[PDB]
Amino acid sequence: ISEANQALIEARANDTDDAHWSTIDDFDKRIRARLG
Amino acid sequence: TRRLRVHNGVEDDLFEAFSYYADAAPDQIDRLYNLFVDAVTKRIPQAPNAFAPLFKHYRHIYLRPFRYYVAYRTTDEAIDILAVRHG
Ligand SMILES: [Cl-]
Ligand SMILES: [Cl-]
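Residues numbered from 1 in each chain as written, not as in the entry; some residues may be left out. Chains lettered and ligands numbered in written order. Heavy atoms only, no water.

- Structure determination for this PDB entry was carried out by X-ray crystallography, with a resolution of 2.35 Å recorded in the header.

Pasting the structure below:
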């Protein structure tokens, strides 16, 4: 909604670098490591 | 089955929200995160075009009661969790 966030969401959509796209369980375990 | 992928900056977006809860309301942190994992793994995969558009082809789904939403994109092959922003 805020042009800031539209840029942020389009940026990430446009990020084609495969290294930034964590699968879900990868992603989950990572957050658990934090504050867990 | 569509394949499910999460940008890393979501991790950023998350703790940017947890901040408003740690120390004072640490119970919310697990609540809101478990809502998020729900929406991402069950709610959105169930019917990804049903949830309201955010802008252009992007969609979102509020993790109610929290006023944070999950912005996302749905091609015929994939579902890409793009952000978790406030609203
Ligand atoms: Cl359906
Ligand atoms: Cl619905």
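The structure having been displayed, the exposition proceeds.
1. What about the overall build of chain B?
- Secondary structure assignment for chain B yields two helices and five strands.
- For chain B, the sequential pattern of α-helices and β-strands runs β-α-α-β-β-β-β.
- Its C-alpha radius of gyration of 13 Å places chain B within 12% of the 12 Å reference for a compact globule of 87 residues.
- Within chain B, the fraction of its 87 residues that count as buried is 55%.
- Partitioning the intrachain contacts of chain B with sequence separation of at least 6 by distance along the chain shows that 48% fall at a separation of at least 24.
- Surface accessibility of chain B: about 4,500 Å² in total, with carbon and sulfur atoms responsible for 46%.
- Each charge class in chain B can be summarised by its mean position, and for the 12 positive and 11 negative side chains these summaries are 9 Å apart. (Helix = DSSP H or I, 4+ residues; strand = E, 2+ residues; numbered from the N terminus. Rg over C-alpha atoms; globule rule 2.2 N^0.38 Å. Buried < 20%, exposed > 50% of the residue type's maximum accessible area, 1.4 Å probe, protein only. Contact = heavy atoms within 4.5 Å. Areas by Shrake-Rupley, 256 points an atom, 1.4 Å probe, with all protein chains shown as cover. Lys, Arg positive; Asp, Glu negative; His and termini not counted. Charge placed at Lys NZ, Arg CZ, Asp CG, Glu CD.)

2. Observations regarding the side chain of B:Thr74
- Relative to the helices and strands, B:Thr74 is located in strand β4 (residues 68-74).
- For B:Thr74, a relative accessible area of 18% corresponds to the buried category.

3. Examining the interface of chain B and chain A
- With 30 residues of chain B in contact, the opposing surface of chain A contributes 23 residues.
- For the pair chain B and chain A, the summed buried area comes to about 2,500 Å², and 59% of that belongs to carbon and sulfur atoms.
- It is B:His7, B:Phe15 and B:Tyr33 in chain B that bury the most area against chain A; as a group they hold 24% of the surface buried on that side.
- Viewed at the interface, chain A and chain B are joined by four salt bridges.
- Put simply, A:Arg12 and B:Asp13 hold a salt bridge, and the shortest N to O gap is 2.5 Å.
- Counting every contact that joins chain B to chain A gives 14 residue pairs in polar contact.
- In terms of residue count, helix α1 (residues 9-18) of chain B provides more of the side of chain B that touches chain A than any other element does, seven residues in total.
- Across the side of chain B that touches chain A, the residue classes tally to 16 nonpolar, five polar and nine charged. (Buried area = accessible area lost by both parts, 1.4 Å probe. Salt bridge = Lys/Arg side-chain N within 4 Å of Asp/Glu carboxyl O. Polar contact = N/O pair within 3.5 Å; in protein donor to acceptor, adjacent residues only side chain to side chain. Nonpolar A, V, L, I, M, F, W, Y, C, P; charged D, E, K, R; others polar.)

4. Description of the pairing of β4(B)
Residues and elements named next belong to chain B.
- Within β4, seven of the seven residues are buried, leaving the element largely enclosed by the surrounding structure.
- Where burial is concerned, the two faces of β4 agree: the one with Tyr68, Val70, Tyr72 and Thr74 and the one with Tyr69, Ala71 and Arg73 are both buried.
- Taking the residues between adjacent antiparallel strands as the criterion, strand β3 (residues 58-62) and β4 are bridged by five residues. (Pairing = 2+ DSSP bridges.)

5. Concerning the packing of aromatic side chains
- Under the defined criterion, the tally for this structure stands at six aromatic pairs over all chains.
- Aromatic pair A:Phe27 and B:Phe36: ring centres 6.3 Å apart, planes at 40°, arrangement tilted. Here A:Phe27 is found in helix α2 (residues 24-33), whereas its partner B:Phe36 is found in helix α2 (residues 26-46) on a different chain.
- Given the relative accessible area of 1%, A:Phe27 is considered buried.
- Taking relative accessible area as the criterion, B:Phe36 reaches 1% and is therefore assigned buried.
- With a centroid separation of 4.7 Å and an interplanar angle of 35°, the aromatic rings of B:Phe55 and B:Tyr58 are classed as tilted. As far as burial versus exposure is concerned, B:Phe55 and B:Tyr58 are alike and both buried.
- Taken together, A:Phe27, B:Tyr33 and B:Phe36 form an aromatic cluster joined through their ring pairs.
- Over the face of the ring belonging to B:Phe15 we find A:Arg34, whose NZ or CZ atom lies 3.3 Å from the ring centre.
- Sitting above the plane of the B:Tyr62 ring, B:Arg64 keeps its charged end 3.9 Å from the centroid. (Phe/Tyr/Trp six-rings, centres within 6.5 Å; stacked < 30°, edge-to-face > 60°. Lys NZ or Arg CZ within 6 Å of the ring centre and 35° of its normal.)

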